[PDB]
Amino acid sequence: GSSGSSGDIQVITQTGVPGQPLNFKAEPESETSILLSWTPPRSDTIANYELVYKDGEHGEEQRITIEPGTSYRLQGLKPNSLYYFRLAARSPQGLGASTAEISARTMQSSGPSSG
């Protein structure tokens, strides 16, 4: 109606975190596997990356322990299914920034011919 609050959470600025990677893209390497291509920032010291994925829109935001490199191979997915993905450099001092929410569609698996 009229009564307003406009009360936003006072984010905590703690200088000391890595900068989200660049050239971040996801491609369906397989029907049950997906490859991710990203570019690591200047920060050489990297523990790992956070991959928040969820089954479609009503999925669960699960995190995976990825190795501190440039790319990673994810396995164990459903065919012809949408799956969201989000990368975010993880430092031993504090979490960094998360890349743009990108999603990849698995390959269209053929039908189980009876015969």
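Rules behind the numbers
Note on numbering: residues are counted from 1 along each chain in the order of its written sequence, which can differ from the entry, and residues with no coordinates are hidden. Calculation of side-chain values draws on the structure's entire complement of heavy atoms; hydrogens and water are dropped beforehand. Strands are labelled as partners when DSSP assigns at least two bridges between them. The way it works is that DSSP assigns letters per residue, a run of H or I at least four long becomes a helix, a run of E at least two long becomes a strand, and they are numbered from the N terminus. To form a nonpolar core, buried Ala, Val, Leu, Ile, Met, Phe, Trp, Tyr and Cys residues must be joined to one another through side-chain atoms within 4.5 Å. Here the term buried applies to any residue with accessible area under 20% of the maximum for its type, exposed to any over 50%, and partly exposed to those in between, with areas from a 1.4 Å probe on protein chains only. Note on charges: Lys and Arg go in the positive column, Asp and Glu in the negative column, and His and the chain ends are not counted at all. Salt bridges are defined by distance alone: a side-chain nitrogen of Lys or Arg within 4 Å of a carboxyl oxygen of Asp or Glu. Every residue pair with non-hydrogen atoms within 4.5 Å of one another is taken to be in contact.

You'll find the chain entered in the PDB entry as Receptor-type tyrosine-protein phosphatase delta, with Homo sapiens given as the organism.

### Considering the sheet that holds strand β7 (residues 82–85)
Spatial strand order, β4-β7-β10: three strands in an open sheet with antiparallel pairing. The open sheet has two edge strands with one neighbour each: β4 (54–55) and β10 (102–105). Inspection of the sheet shows β7 paired to β10 by four bridges, in the antiparallel sense. Bridged to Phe-85 within β10 is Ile-102.

### Notes on the nonpolar core
In terms of nonpolar packing, the biggest core is built from 17 residues, with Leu-36, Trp-38, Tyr-49 and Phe-85 touching the most fellow members. If one sorts the elements of this core by residue count, strand β2 (residues 33–39) sits on top with three residues.

### A few points about the side chain of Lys-54
You can see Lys-54 is positioned in strand β4. Although buried, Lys-54 forms no salt bridge, and the nearest oppositely charged side chain, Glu-101, lies 4.2 Å from it. With sequence-adjacent residues up to four places away left out, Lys-54 is seen in contact with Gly-59, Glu-60, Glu-61, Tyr-83, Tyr-84 and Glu-101.

### Some remarks on the pattern of salt bridges
When their charged atoms lie close together, side chains carrying opposite charge are able to pair. As enumerated under the stated definition, the model contains four salt bridges in all. Salt-bridge contacts for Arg-63 lead to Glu-50; the nearest nitrogen and oxygen are separated by 3.2 Å. Here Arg-63 is found in the loop between β4 and β5 (65–66), whereas its partner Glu-50 is found in strand β3 (residues 48–51), with 13 residues between them in sequence. Judged by relative accessible area, which is 55%, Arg-63 ranks as exposed. Of the residues examined, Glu-50 reaches a relative accessible area of 10% and is grouped as buried. As a salt-bridge pair, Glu-61 and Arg-86 come within 3.5 Å of each other at their nearest N and O atoms. Of the two residues, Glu-61 sits in the loop between β4 and β5 while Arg-86 sits in the loop between β7 and β8 (87–90), which places them 25 residues apart along the sequence. Classification of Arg-86 by relative accessible area gives partly exposed; the value is 27%. One salt-bridge network, held together by shared partners, links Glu-50, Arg-63 and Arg-90.

### Points about the sheet that holds β5
With antiparallel pairing, the four strands of this open sheet are ordered in space as β5-β3-β8-β9. Edge positions in the sheet fall to β5 and β9 (95–98), since each of these pairs with one other strand and no more. With two bridges joining them, β3 and β5 adopt antiparallel strand pairing. Its bridge partner being in β5, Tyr-49 is matched across the sheet by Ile-66.

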